[PDB]
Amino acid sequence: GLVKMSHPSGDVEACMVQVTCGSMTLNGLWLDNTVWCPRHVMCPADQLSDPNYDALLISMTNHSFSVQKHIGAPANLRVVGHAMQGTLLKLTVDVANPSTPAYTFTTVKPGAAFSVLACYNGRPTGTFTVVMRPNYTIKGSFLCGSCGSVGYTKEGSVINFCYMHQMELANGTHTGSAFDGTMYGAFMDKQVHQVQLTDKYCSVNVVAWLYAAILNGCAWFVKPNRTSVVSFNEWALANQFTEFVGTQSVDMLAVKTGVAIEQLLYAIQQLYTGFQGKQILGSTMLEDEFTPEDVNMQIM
């Protein structure tokens, strides 16, 4: 039985700081001599309707930004430079984070999972895992003052930072930016109403879940009929599924079950219409929030 699992957050906790600019405050991420944070910390509350972020960064002086580390030994960090990259601020501080881990900045693609450290005013409060939805939103739990919370994956000892939380959309859809500065789904960091695209099922994750079903004895849906990847993907554009892309992780499931990817792509086409009278792993809905890598590590 699959469980939602996050990465241990300790390494990321040691990098969180609070960033304050005038009356606005939120979270930032302290790596080496750099503090990253969402640029809307520069924007007075009244002016969020549409801000001129270029006409905000010029107005910034040597001491417009204040940075505080709360966790570990409390410290104020003096800001010595300020630059803007996409929807993020890049602030230079005069002390390097002595607990900077080995890290990279990669953007995640829909269907992939990552861990989120939720913070409030530089203090970690909670951690969960999400998958990037095909409409480039995430289904998180973020309350007031959690902007700048950080999403990440980990391979070896290398932290891959992939998300910095920016805003809430509909009732609980959230989005943020990759650390190159680009907002996921080209949403705009303004208090303007923006429409999200329709969500879709993550096909590769549904496939992983059907492999987890087969591994737990649940395999009534497997039949010899096959749908090819290229055929499946043309079907998908019309039926609210993502394109399928294979990975070595999927292949390892197919090798251990003896069931081919193309059989499960056929099955998905049938199960979409309805499960008829049966269940799969206790569910009557398709499940798309577990990845091949999840199934591989948890049902080894």
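Throughout, we count residues from 1 along the sequence that is shown.
Legend: mean Cα B-factor per stretch from the PDB entry, 121-129 versus 214-222; the higher mean is in 214-222. Of the two segments examined, 166-174 and 131-139, it is 166-174 that shows the higher average Cα temperature factor in the deposited entry. When the C-alpha B-factors of 57, 31, 264, 67 are read from the PDB record, the largest value belongs to 57. Within the selection 98, 110, 148, 74, the deposited Cα B-factor values reach their highest point at 74.
Looking at the C-alpha B-factors along this chain, the one for residue 284 belongs to the highest third. Among the modelled residues of its chain, residue 36 has a C-alpha B-factor that falls in the lowest third according to the deposited record. For residue 91, the recorded CA B-factor ranks within the lowest third of the chain. Only modelled residues enter the ranking.
Looking at the C-alpha B-factors along this chain, the one for residue 183 belongs to the middle third.
Sort the chain's modelled residues by C-alpha temperature factor and residue 23 lands in the highest third, per the entry.
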